[PDB]
Amino acid sequence: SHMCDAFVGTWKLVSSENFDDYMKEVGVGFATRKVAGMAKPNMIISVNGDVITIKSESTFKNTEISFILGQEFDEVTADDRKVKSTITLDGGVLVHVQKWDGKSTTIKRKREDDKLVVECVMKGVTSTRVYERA
Ligand SMILES: O=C1CC(CC(=O)Nc2ccc(Cl)cc2Cl)=NC(=O)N1
């Protein structure tokens, strides 16, 4: 086993707060914000050796990243930013930093009770998205 095991499985979105405002801060345009904010994604997290895979499946888009902790990779986000991403495991929290155009956003994923809580931060603006097991 791995500590990273508490994240493995299939998760469904149960609540969102401030996601439109987070997307505005990131620079997402109107139409994409409207359709992406309507989405009710599933997150599917799996581990195979050192490689972690995070898939997001919804009616808006299906995305998949695979990565090794601490090792930078290029990511095309669902809103079509070309970013440089690094994901680390800090005190039990997956911390995902995306860099592009001199900007930065951080997405933290953590286990809290039976939920997986995703916190997305762009300067002063935080969105909190709560998932539970499917
Ligand atoms: O693993 C995650 C990551 C995340 C941030 C995100 O989804 N960003 C994003 C997604 C689509 C679009 Cl159009 C624009 C942006 Cl900023 N929220 C989540 O519930 N789970």
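Student: Provide a residue-level description of the overall build of the protein chain, including the pertinent values.
Tutor: Counting its regular elements, the protein chain contains two helices and ten strands. The order of helices and strands in the protein chain, counted from the N terminus, is β-α-α-β-β-β-β-β-β-β-β-β. Its C-alpha radius of gyration of 14 Å places the protein chain within 12% of the 14 Å reference for a compact globule of 134 residues. Put simply, 39% of the contacts in the protein chain that link residues at least 6 apart link residues at least 24 apart.

Student: Lay out the UniProt feature "short sequence motif: Nuclear localization signal" in the protein chain in plain terms, naming residues and giving numbers.
Tutor: Residues annotated in UniProt with the feature "short sequence motif: Nuclear localization signal" correspond here to residues 24-34. Counting secondary structure, residues 24-34 comes out at 73% helix and 0% strand; the distance between its end C-alpha atoms is 11 Å.

Student: Let's hear about the packing of aromatic side chains: which residues, and what values?
Tutor: Summed over the entire model, instances satisfying the criterion amount to two aromatic pairs. For the ring pair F19 and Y22, a centre distance of 6.2 Å and an interplane angle of 15 degrees mean the geometry is stacked. Here the residue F19 and the residue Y22 both occupy positions in helix α1 (residues 19-26), the gap between them amounting to three residues, near one helical turn. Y22 carries the same exposure label as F19, and that label is buried. The aromatic ring of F60 is capped on one face by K61, whose charged end is 4.6 Å from the ring centroid. Positioned over the ring face of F19 is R129, at 3.8 Å from the centre of the ring.

Student: So what's going on with the layout of surface pockets? Residues and values would help.
Tutor: The volume enclosed by the largest pocket comes to roughly 710 Å³. Lining the largest pocket are 32 residues; nearest its centre among them are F19, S56, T63, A78 and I107. Of all the secondary-structure elements, those providing two or more residues to the lining of the largest pocket are α1, β3 (51-57), β4 (62-68), β5 (73-76), β7 (93-100), β8 (103-112), β9 (115-122) and β10 (125-133). Residue classes in the lining of the largest pocket are distributed as 18 nonpolar, six polar and eight charged.

Student: Give me the lowdown on the nonpolar core, citing residues and values where you can.
Tutor: In this structure, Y22, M43, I45, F67, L116, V118 and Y131 are the most contacted members of the largest nonpolar core, which totals 30 residues. When residues no more than four places from it in sequence are discounted, the contact partners of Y131 are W11, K12, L13, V14, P41, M43, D114, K115, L116 and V118.

Student: Tell me about the site of the ligand, and name the residues and values.
Tutor: Surrounding the ligand, one finds 15 residues, the nearest of these being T32, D79, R109, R129 and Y131. Taking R109, its side chain carries an N or O atom lying 2.7 Å from an oxygen atom of the ligand. Note that an oxygen atom of the ligand is positioned 2.7 Å from one of the side-chain N or O atoms of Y131. If the ligand stood free it would expose 480 Å²; the protein chains cover 89% of that surface. Among the cavities detected, the one that contains the ligand is the largest pocket. At the level of elements, α1, α2 (30-38), β9 and β10 are the ones that each hand at least two residues to the shell around the ligand. If you tally residues by element for the shell around the ligand, the top one is α1, at three residues. The residue makeup of the shell around the ligand, split by class, is ten nonpolar, one polar and four charged.

Conventions and cut-offs
- Residues numbered from 1 in each chain as written, not as in the entry; some residues may be left out.
- Heavy atoms only, no water.
- Residues with missing side-chain atoms left out of burial classes, pairs and counts.
- Helix = DSSP H or I, 4+ residues; strand = E, 2+ residues; numbered from the N terminus.
- Rg over C-alpha atoms; globule rule 2.2 N^0.38 Å.
- Contact = heavy atoms within 4.5 Å.
- UniProt positions renumbered as here; feature names shortened; annotations may be inferred.
- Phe/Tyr/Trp six-rings, centres within 6.5 Å; stacked < 30°, edge-to-face > 60°.
- Buried < 20%, exposed > 50% of the residue type's maximum accessible area, 1.4 Å probe, protein only.
- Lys NZ or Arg CZ within 6 Å of the ring centre and 35° of its normal.
- 1 Å grid on protein atoms, 1.4 Å probe; cavity = no way out; pocket = protein on both sides within 12 Å on 5 of 7 lines; lining within 4 Å.
- Points joined across faces, edges and corners; volume = space filled by probe spheres on them.
- Nonpolar A, V, L, I, M, F, W, Y, C, P; charged D, E, K, R; others polar.
- Core = buried A, V, L, I, M, F, W, Y, C linked by side-chain atoms within 4.5 Å.
- Near = heavy atom within 4 Å.
- Polar contact = N/O pair within 3.5 Å; in protein donor to acceptor, adjacent residues only side chain to side chain.
- Areas by Shrake-Rupley, 256 points an atom, 1.4 Å probe, with all protein chains shown as cover.
- Sits in = over half its atoms within 2 Å of the grid points.

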